[PDB]
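Undergrad: First the structure, then my questions, so here it is.
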Amino acid sequence: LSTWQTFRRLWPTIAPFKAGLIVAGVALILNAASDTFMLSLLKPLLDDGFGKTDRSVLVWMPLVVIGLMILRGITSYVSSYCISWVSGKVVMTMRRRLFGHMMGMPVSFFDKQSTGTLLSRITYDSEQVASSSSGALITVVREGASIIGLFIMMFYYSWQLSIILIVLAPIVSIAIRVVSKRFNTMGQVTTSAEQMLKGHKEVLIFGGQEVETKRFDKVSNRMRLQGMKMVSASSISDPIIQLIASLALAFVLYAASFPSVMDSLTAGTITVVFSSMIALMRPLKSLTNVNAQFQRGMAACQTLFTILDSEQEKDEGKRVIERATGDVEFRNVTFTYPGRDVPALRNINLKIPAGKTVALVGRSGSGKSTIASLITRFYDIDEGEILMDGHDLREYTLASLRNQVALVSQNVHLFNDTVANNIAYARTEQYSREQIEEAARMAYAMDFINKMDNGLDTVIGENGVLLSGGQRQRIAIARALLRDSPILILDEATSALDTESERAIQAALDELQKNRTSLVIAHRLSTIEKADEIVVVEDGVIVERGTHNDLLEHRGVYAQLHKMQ
Amino acid sequence: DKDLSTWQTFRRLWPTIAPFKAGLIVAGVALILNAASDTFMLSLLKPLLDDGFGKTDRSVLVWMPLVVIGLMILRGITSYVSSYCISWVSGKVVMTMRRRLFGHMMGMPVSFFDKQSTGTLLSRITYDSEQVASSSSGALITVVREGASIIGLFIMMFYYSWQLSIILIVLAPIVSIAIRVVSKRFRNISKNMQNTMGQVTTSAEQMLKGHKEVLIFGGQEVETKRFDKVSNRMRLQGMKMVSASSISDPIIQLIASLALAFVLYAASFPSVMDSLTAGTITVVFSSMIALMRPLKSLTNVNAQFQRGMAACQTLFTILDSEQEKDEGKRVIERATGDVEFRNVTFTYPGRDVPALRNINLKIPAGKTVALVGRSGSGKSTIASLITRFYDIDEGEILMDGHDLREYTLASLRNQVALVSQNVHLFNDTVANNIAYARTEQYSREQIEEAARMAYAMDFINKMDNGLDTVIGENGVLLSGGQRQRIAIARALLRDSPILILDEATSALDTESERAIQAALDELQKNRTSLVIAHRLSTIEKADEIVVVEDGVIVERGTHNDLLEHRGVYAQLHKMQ
Ligand SMILES: *O[C@H]1O[C@H](CO)[C@@H](O)[C@H](OC(=O)C[C@H](O)CCCCCCCCCCC)[C@H]1NC(=O)C[C@H](O)CCCCCCCCCCC
Ligand SMILES: C[C@H](Oc1ccc2ncc(/C=C/C(=O)O)c(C3CC3)c2c1)c1c(Cl)cccc1C1CC1
Ligand SMILES: C[C@H](Oc1ccc2ncc(/C=C/C(=O)O)c(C3CC3)c2c1)c1c(Cl)cccc1C1CC1
């Protein structure tokens, strides 16, 4: 029921190209016939060819075989080009549909699943569905035409032998069933090696090389034993299946011996009746496995309809702000991550007056990073109110709201393009290269850019292979600087502070934070002390706050928190 | 070039394979007998047509069905055997390669690991070593099985109708050249799509991973329009991929179809058809047809074999990489712990600013020293150097009056205990984590007291199975404040003479830190200590405090003396 209902959810995507499937379909039909017409000629070559008629061996055969193969070769080229064309069109339509849909999903959708899983949905599953269905379509028709093309030729040239094979087919069918039914370690290998490379530091001291080598020996030998097992199982099945089929066909030949049968048979008749019986062994093998591949094709497809049926983040705000030099205010905000029942943030009131930088410090796991995630509306809240310019964040459209925020973090993912186009990301045409180039030196990122071979027009290549942890940060700063966003969110938990030129990064932040609202998950001592207000978060609550005469002494946790970092 | 680069690389791998040569020898004999079953069955067509239909019922009846059944049994056995033998030889060689790679990576420099992602090494050794066997195995099976059958078929063609065979042979070279040219023209474009698919991968991965900056910076169109382009080129290249073989396959068998028709156009002419009979033509032509698949498989062996050696080389380069330099030749059992830096300067690999310069400091046995200074300096670097993770550039680091590099890394590193919050917790029992590599040397009562003296038993006694609970699974079960106490339990048990204590990454925000402070006190009563200090407790009791900035020791003294002095140290006291 499901297996076929999914395909019918999929057919609409295919229907614009059905024009390619039928043309392929006929190309398949004529291919089976051409292969059937050559087993046909096998009788005139033997009987007529050696019934004292060199007429047939010179005329009939050498030129009809070349004729049939041209037809055979063109039908193959055509069906191949149609299926491939249709198969290409649907995978593209689907990859594109999932790319757009997944991109519009909320961050809750990305938390559950791996990024590679969602990427597998686009790269492989989308291709496996058309692969499994195309082959399904080919086998149903191509070998469905051959099987009837061959069965006719069988009975016509000798009804006696054919009906002896058919009566045996039920028993053979049941026999191939019982044997085809008799048709973790890899995870341990990857783990045993990964946690070795993880603890290489701890393996050198304590001298664990020995216990690690023999831990691996076990794990590597166990997967080798599982590896041989699967092939061994697979190996034996077909030899038996061939044996079974050979028995029945042998019995059919012991039948041709009887004088009533042999008299009807010539040298050619039997040669084609057994050549066509043998030609039936591949179509039968294909036609029995075809619904198993259609299943796996549609199971991968309902996976993607599960994704496509998922709902994109809700953007019902109908309010637009050109630019907001203004404060962000939390009004008794309480938040709980979906799937968790203990609020990450309890009753919280926080004010970030315009132009001022509020550095919030907190324990590594606390909901300090949850605060900067709520302002950008990665998640909607359960109770309370967050006001930007005295109006709820949910009042605004999400595009306008996020135009006011700029994110800066080491882990800011850098996309595959020029340095310059990363800095002017999604606004390349807006900013002149002079505007770009200035933002680069104002971020102290130029010190390493000119070292690059083409400098600013050098392209970050192969998924970001060239840049270092510290380098990305100064490009993230240049991106926010150039865009000049009213609200600055600065992630310093992921910063990787120990760098070759940290003083360069620090002054950049100095320039960026200035005359600009800034909300920083701070780990650095310098960005902390030269910040307008400090805010401590303990679990879901704010324990104590303080300015500059309060920075001298805090009532709550600051003394122990500062002492640790 | 590549037939040489592959063949010299193969002669590198044969040492790994030769211990299983017996498996190869057997597999091949079966493959031989496998190809003869197919050759001997096509011969059965001649007596069937000539005698069985030359008015004799014995041939078709009694034995003809028996023999074919027998031949199939032989085919099935030769099949299964060769398959099992190859799958056995491969499994071994694969496993062996892994143990060689694994063993070699464990002994690599620390620079090799901080620089390379852990994954890329892990993926290659599991994937490549399997490809080296798959490609090599398939190559062997072809040269033997199909190389045997072409012989078997060539002979049978010459016995039955010595004449027809030669016409095929004289046609062979031009048919061969005809086929090779057609083949080289079209089908060699797998990489063209690999590039295009890579761009589908990159764009999709960039969008999915960097999903949060796309939303903030509003690059949905720039990402969409980019995936619209690349996905189409991927689509197009997929078709150019099939069109390669959709065009090349029908052309090639047409070329071979001509050559056979000309052999069949001679079958009509009188000189040779007279001697021959209807039963010999069937076995001669079917043999020529049976020759087509073997000839296809063989001429594609180099492509298969060279590919396998192209992945075996990537495993050989990693093996050729230089391992940790280790020429000490000196072994020390329970060093005293008299560590002294003399004129040490050092720059991390690839950087151009030394992490340390003209460092001179002395750490006498049984006494602690605290290294405090601006975060991001080389105090961490100092700790790294005593374990030989990195060799200094200039100067010398002495352990009991001898340069560390004089010592065996094994002996040198058994002297050093490391305590920090970022210790690795191997997924295994708590007891076996406390006695990591010495489960055989330390009794249970020995392990029990080490955890007790580390003040860790409160959170161990709360475990599911207590001390035999399995911590690990990459460490979820243990908090940071609890990692230290396990790290401390390791050091108490082994009782190493030189302690490296890192509170930098440690968390003083722990419900039980007075218990962590008591464990630390008991730990360092005995031995030399080198603290990257960040706690009031340790700098309070430390024997010497050295202030480090920019890889230079600018002030050395006791906590009180430096406060009487009240210079740079007092500034830090005011700052923290
Ligand atoms: O698709 C190819 O690979 C698969 C994987 O094994 C093969 O099964 C497949 O072969 C079959 O599909 C062939 C089919 O089972 C039998 C029908 C084709 C014709 C068989 C011979 C007829 C005798 C004609 C006498 C006049 C593979 N495709 C090849 O095997 C295709 C096959 O070789 C067709 C090309 C044959 C060339 C014809 C030359 C005739 C010369 C006559 C002189 C006596
Ligand atoms: C007597 C025999 O009747 C079956 C019936 C069902 C089968 N269903 C599947 C398979 C193969 C399965 C596989 O390869 O997994 C076979 C054998 C022909 C291979 C089957 C043979 C047979 C042979 Cl022998 C050769 C040609 C035709 C038939 C029957 C008339 C259909
Ligand atoms: C006359 C003709 O001589 C070649 C020579 C080299 C070949 N080398 C490769 C291939 C196939 C390549 C592929 O499929 O990519 C073929 C065709 C017979 C298949 C080749 C045919 C021929 C045919 Cl016709 C049939 C059987 C034997 C031969 C040769 C005389 C031994």
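Letters A, B, ... mark the chains of the structure tokens in the order given; residue numbers begin at 1 per chain; ligand numbers begin at 1, in order shown.
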Could you list, as a PyMOL selection string, all residues that come within 9 Å of ligand 2? Count only C-alpha atoms and all ligand atoms.

TA: chain A and resi 147+151+162-177+180+237-238+241-242+244-249+276-289

Undergrad: Could you name the residues that touch residue 21 in chain A at 8 Å or less, counting only C-alpha atoms, but leaving out those on the same chain fewer than 5 positions away, as a ChimeraX atom specification?

TA: /A:82-83,86

Undergrad: Counting only C-alpha atoms, what is within 10 Å of residue 399 in chain A, bar same-chain residues fewer than 2 positions away, as a PyMOL selection string?

TA: (chain A and resi 315+317+320-321+396-397+401-404) or (chain B and resi 215-218)

Undergrad: I'd like a table as a Markdown table: residues in chain B with an atom no more than 7 Å from ligand 3, each row giving the shortest atom pair and its distance in Å to one decimal, only C-alpha atoms and all ligand atoms counted, sorted by chain and rising residue number.

TA:
```
| residue | atom | partner | partner_atom_place_in_ligand_line | distance |
| --- | --- | --- | --- | --- |
| B:168 | CA | ligand 3 | 1 (C) | 4.6 |
| B:169 | CA | ligand 3 | 30 (C) | 4.3 |
| B:171 | CA | ligand 3 | 1 (C) | 5.0 |
| B:172 | CA | ligand 3 | 3 (O) | 3.7 |
| B:173 | CA | ligand 3 | 5 (C) | 6.2 |
| B:175 | CA | ligand 3 | 3 (O) | 5.3 |
| B:176 | CA | ligand 3 | 6 (C) | 4.2 |
| B:179 | CA | ligand 3 | 12 (C) | 6.3 |
| B:183 | CA | ligand 3 | 15 (O) | 7.0 |
| B:252 | CA | ligand 3 | 13 (C) | 6.4 |
| B:253 | CA | ligand 3 | 19 (C) | 6.1 |
| B:256 | CA | ligand 3 | 24 (Cl) | 3.8 |
| B:257 | CA | ligand 3 | 24 (Cl) | 6.1 |
| B:259 | CA | ligand 3 | 1 (C) | 5.2 |
| B:260 | CA | ligand 3 | 24 (Cl) | 5.4 |
| B:288 | CA | ligand 3 | 26 (C) | 4.3 |
| B:289 | CA | ligand 3 | 25 (C) | 5.8 |
| B:291 | CA | ligand 3 | 26 (C) | 4.6 |
| B:292 | CA | ligand 3 | 19 (C) | 3.8 |
| B:293 | CA | ligand 3 | 19 (C) | 6.3 |
| B:295 | CA | ligand 3 | 9 (C) | 4.8 |
| B:296 | CA | ligand 3 | 12 (C) | 4.1 |
| B:299 | CA | ligand 3 | 9 (C) | 6.4 |
```

Undergrad: Write the residues of the preceding selection, restricted to C-alpha atoms, as an mmCIF file, in the first residue's frame.

TA:
```
data_model
loop_
_atom_site.group_PDB
_atom_site.id
_atom_site.type_symbol
_atom_site.label_atom_id
_atom_site.label_comp_id
_atom_site.auth_asym_id
_atom_site.auth_seq_id
_atom_site.Cartn_x
_atom_site.Cartn_y
_atom_site.Cartn_z
ATOM 1 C CA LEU B 168 39.626 -14.654 -37.278
ATOM 2 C CA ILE B 169 43.271 -14.224 -36.265
ATOM 3 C CA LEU B 171 41.339 -9.989 -38.669
ATOM 4 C CA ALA B 172 42.279 -9.701 -34.982
ATOM 5 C CA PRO B 173 44.840 -6.841 -35.015
ATOM 6 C CA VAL B 175 39.611 -5.313 -35.173
ATOM 7 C CA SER B 176 41.624 -4.747 -31.994
ATOM 8 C CA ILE B 179 38.002 -1.267 -30.948
ATOM 9 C CA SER B 183 37.070 3.034 -26.838
ATOM 10 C CA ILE B 252 32.399 -1.978 -30.698
ATOM 11 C CA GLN B 253 30.329 -5.148 -31.003
ATOM 12 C CA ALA B 256 33.384 -7.437 -33.980
ATOM 13 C CA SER B 257 30.149 -8.311 -35.795
ATOM 14 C CA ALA B 259 34.807 -9.692 -38.443
ATOM 15 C CA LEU B 260 32.565 -12.681 -37.683
ATOM 16 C CA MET B 288 34.260 -17.481 -31.291
ATOM 17 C CA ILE B 289 31.191 -15.984 -29.606
ATOM 18 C CA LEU B 291 35.687 -15.587 -26.949
ATOM 19 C CA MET B 292 34.099 -12.132 -26.977
ATOM 20 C CA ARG B 293 33.561 -11.778 -23.221
ATOM 21 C CA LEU B 295 38.721 -10.617 -24.698
ATOM 22 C CA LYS B 296 36.677 -7.755 -23.237
ATOM 23 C CA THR B 299 41.997 -5.753 -22.195
#
```

Undergrad: Quick one: pick out all strand (DSSP E or B) residues within range 356-560 of chain B from a backbone DSSP run and write them as an MDAnalysis selection string.

TA: chainID B and resid 356:363 368:373 394:399 403 407 416:420 428:429 470:471 498:502 528:532 544:549 552:557

Undergrad: Take the selection from the previous step and output its residues with C-alpha atoms, as a short mmCIF file (atom, residue, chain, number, x, y, z; two decimals), in the first residue's frame.

TA:
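Contents of the output file result-v1.cif:
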```cif
data_model
loop_
_atom_site.label_atom_id
_atom_site.label_comp_id
_atom_site.auth_asym_id
_atom_site.auth_seq_id
_atom_site.Cartn_x
_atom_site.Cartn_y
_atom_site.Cartn_z
CA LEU B 356 59.64 30.41 23.97
CA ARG B 357 62.97 32.24 23.98
CA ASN B 358 66.13 31.87 26.09
CA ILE B 359 64.07 30.04 28.71
CA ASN B 360 66.17 29.15 31.76
CA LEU B 361 64.35 27.63 34.73
CA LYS B 362 65.08 24.91 37.26
CA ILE B 363 62.67 22.52 38.99
CA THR B 368 56.43 22.44 42.81
CA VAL B 369 56.61 25.50 40.56
CA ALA B 370 53.67 27.50 39.22
CA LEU B 371 53.69 29.00 35.72
CA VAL B 372 51.27 31.92 35.59
CA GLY B 373 51.06 34.57 32.90
CA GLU B 394 67.99 25.62 20.68
CA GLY B 395 69.18 24.78 24.17
CA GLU B 396 68.53 21.69 26.27
CA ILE B 397 66.00 20.31 28.76
CA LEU B 398 67.56 18.12 31.45
CA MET B 399 65.97 15.26 33.38
CA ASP B 403 68.94 15.88 27.95
CA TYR B 407 66.29 9.24 26.94
CA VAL B 416 55.78 12.21 33.44
CA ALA B 417 52.21 12.24 34.75
CA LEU B 418 49.70 14.62 33.17
CA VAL B 419 46.70 15.90 35.13
CA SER B 420 44.20 18.16 33.37
CA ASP B 428 35.99 1.17 29.21
CA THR B 429 35.56 0.62 32.95
CA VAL B 470 31.58 1.78 31.92
CA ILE B 471 32.59 5.41 31.56
CA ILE B 498 57.28 14.33 37.52
CA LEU B 499 53.82 15.90 37.54
CA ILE B 500 52.43 18.22 34.88
CA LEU B 501 49.28 19.87 36.25
CA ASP B 502 47.11 21.99 33.93
CA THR B 528 58.45 17.48 41.30
CA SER B 529 55.52 19.47 39.93
CA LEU B 530 55.06 21.92 37.07
CA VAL B 531 51.73 23.73 37.38
CA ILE B 532 50.15 25.88 34.71
CA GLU B 544 58.41 29.13 43.12
CA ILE B 545 56.17 31.27 40.92
CA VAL B 546 57.46 32.30 37.49
CA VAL B 547 55.67 34.93 35.40
CA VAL B 548 55.72 34.36 31.62
CA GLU B 549 54.92 36.80 28.83
CA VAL B 552 60.09 35.00 28.38
CA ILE B 553 60.40 34.61 32.15
CA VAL B 554 60.30 38.21 33.40
CA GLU B 555 59.95 37.64 37.17
CA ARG B 556 60.74 34.66 39.41
CA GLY B 557 59.98 34.44 43.11
#
```

Undergrad: Which one is closest to ligand 1: B:274, B:57, B:249, B:130? Count only C-alpha atoms and all ligand atoms.

TA: B:249

Undergrad: Smallest atom-to-atom distance to chain B: which of A:186, A:38, A:359, A:534, using only C-alpha atoms?

TA: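 Closest residue, counting only C-alpha atoms: A:186.
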
Undergrad: Go through A:228, A:24, A:68, A:354 and flag the residue nearest chain B, using only C-alpha atoms for the distances.

TA: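 Distance minimum relative to chain B lands on A:228.
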
Undergrad: Just want the 12 Å neighbourhood of residue 192 in chain B, counted on only C-alpha atoms, with same-chain residues fewer than 3 positions away dropped. Output as a PyMOL selection string.

TA: chain B and resi 187-189+195-199+233-234+236-241+244

Undergrad: If you measure from CA of residue 466 in chain B to CA of residue 444 in chain B, what distance in Å do you get, rounded to one decimal?

TA: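 Result for CA of residue 466 in chain B versus CA of residue 444 in chain B: 13.8 Å, one decimal.
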
Undergrad: Show me, as a compact mmCIF listing (two decimals) with N, CA, C and O atoms, in the first residue's frame, the residues that have an atom within 12 Å of residue 269 in chain B when counting only C-alpha atoms, minus same-chain residues fewer than 3 positions from it.

TA:
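Ended up saving to out_0.txt:
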```txt
# COMPACT_ATOMS: atom_id res chain seq x y z
N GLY A 49 21.51 -24.18 -43.90
CA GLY A 49 22.90 -23.92 -44.23
C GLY A 49 23.66 -25.18 -44.60
O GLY A 49 24.54 -25.15 -45.47
N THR A 53 22.97 -26.10 -49.00
CA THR A 53 22.55 -24.80 -49.52
C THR A 53 23.52 -23.75 -48.98
O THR A 53 23.27 -23.15 -47.93
N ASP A 54 24.61 -23.53 -49.70
CA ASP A 54 25.46 -22.38 -49.43
C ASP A 54 24.75 -21.07 -49.75
O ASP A 54 25.32 -20.00 -49.50
N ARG A 55 23.53 -21.13 -50.29
CA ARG A 55 22.75 -19.92 -50.50
C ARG A 55 22.48 -19.22 -49.17
O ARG A 55 22.54 -17.99 -49.09
N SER A 56 22.18 -19.99 -48.13
CA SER A 56 21.80 -19.40 -46.85
C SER A 56 23.02 -18.92 -46.07
O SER A 56 22.99 -17.84 -45.47
N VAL A 57 24.10 -19.70 -46.06
CA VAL A 57 25.26 -19.35 -45.25
C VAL A 57 25.98 -18.12 -45.80
O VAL A 57 26.73 -17.47 -45.06
N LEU A 58 25.77 -17.77 -47.07
CA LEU A 58 26.39 -16.59 -47.66
C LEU A 58 25.46 -15.39 -47.68
O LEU A 58 25.88 -14.28 -47.35
N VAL A 59 24.20 -15.59 -48.06
CA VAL A 59 23.25 -14.49 -48.22
C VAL A 59 22.50 -14.26 -46.91
O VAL A 59 22.70 -13.24 -46.24
N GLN B 163 40.84 -24.17 -40.44
CA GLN B 163 40.82 -23.12 -41.44
C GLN B 163 40.13 -21.86 -40.94
O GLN B 163 40.69 -20.76 -41.01
N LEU B 164 38.90 -22.00 -40.43
CA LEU B 164 38.12 -20.83 -40.03
C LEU B 164 38.84 -19.99 -38.99
O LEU B 164 38.71 -18.76 -38.98
N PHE B 262 32.46 -11.92 -41.95
CA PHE B 262 33.47 -12.28 -42.93
C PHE B 262 33.99 -13.69 -42.70
O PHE B 262 34.39 -14.37 -43.65
N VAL B 263 34.01 -14.15 -41.44
CA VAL B 263 34.34 -15.54 -41.16
C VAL B 263 33.19 -16.44 -41.57
O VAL B 263 33.40 -17.59 -41.97
N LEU B 264 31.95 -15.94 -41.48
CA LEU B 264 30.80 -16.71 -41.91
C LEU B 264 30.58 -16.61 -43.41
O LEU B 264 30.00 -17.52 -44.01
N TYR B 265 31.03 -15.52 -44.03
CA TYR B 265 31.00 -15.41 -45.48
C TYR B 265 32.00 -16.35 -46.14
O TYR B 265 31.83 -16.69 -47.31
N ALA B 266 33.04 -16.76 -45.41
CA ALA B 266 33.94 -17.80 -45.91
C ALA B 266 33.38 -19.19 -45.65
O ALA B 266 33.73 -20.14 -46.37
N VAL B 272 36.64 -25.35 -47.73
CA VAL B 272 36.69 -25.77 -46.34
C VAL B 272 35.38 -26.37 -45.85
O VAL B 272 35.40 -27.26 -44.99
N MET B 273 34.23 -25.90 -46.34
CA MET B 273 32.96 -26.43 -45.86
C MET B 273 32.79 -27.91 -46.18
O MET B 273 32.00 -28.59 -45.53
N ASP B 274 33.52 -28.43 -47.18
CA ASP B 274 33.37 -29.83 -47.56
C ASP B 274 33.77 -30.76 -46.42
O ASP B 274 33.01 -31.65 -46.02
N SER B 275 34.97 -30.56 -45.86
CA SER B 275 35.45 -31.42 -44.78
C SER B 275 34.56 -31.30 -43.55
O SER B 275 34.33 -32.29 -42.84
N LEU B 276 34.04 -30.10 -43.28
CA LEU B 276 33.35 -29.84 -42.03
C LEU B 276 31.89 -30.29 -42.10
O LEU B 276 31.34 -30.57 -43.18
```

Undergrad: Hey, could you make a per-residue contact list for chain A against ligand 1 with 7 Å as the cut-off, showing the nearest pair of atoms and its distance in Å to one decimal, counting only C-alpha atoms and all ligand atoms, sorted by chain and number, as CSV?

TA:
```
residue,atom,partner,partner_atom_place_in_ligand_line,distance
A:35,CA,ligand 1,17 (C),4.9
A:36,CA,ligand 1,17 (C),6.8
A:38,CA,ligand 1,24 (C),4.7
A:39,CA,ligand 1,22 (C),5.0
A:41,CA,ligand 1,26 (C),5.5
A:42,CA,ligand 1,26 (C),5.1
A:61,CA,ligand 1,26 (C),6.7
A:65,CA,ligand 1,40 (C),6.2
A:279,CA,ligand 1,15 (O),4.5
A:282,CA,ligand 1,8 (O),6.9
```

Undergrad: May I ask which of the residues B:385, B:333, B:375, B:316 is the closest one to residue 524 in chain A, counting only C-alpha atoms?

TA: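 Result for the nearest residue to residue 524 in chain A: B:375.
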
Undergrad: Got a sec: who's within 12 Å of residue 201 in chain A, counting only C-alpha atoms, leaving out chain neighbours fewer than 2 positions off, as a VMD selection string?

TA: (chain A and resid 195 to 199 203 to 209) or (chain B and resid 106 to 114 384 387 to 390 413 417 to 418 422 to 425)
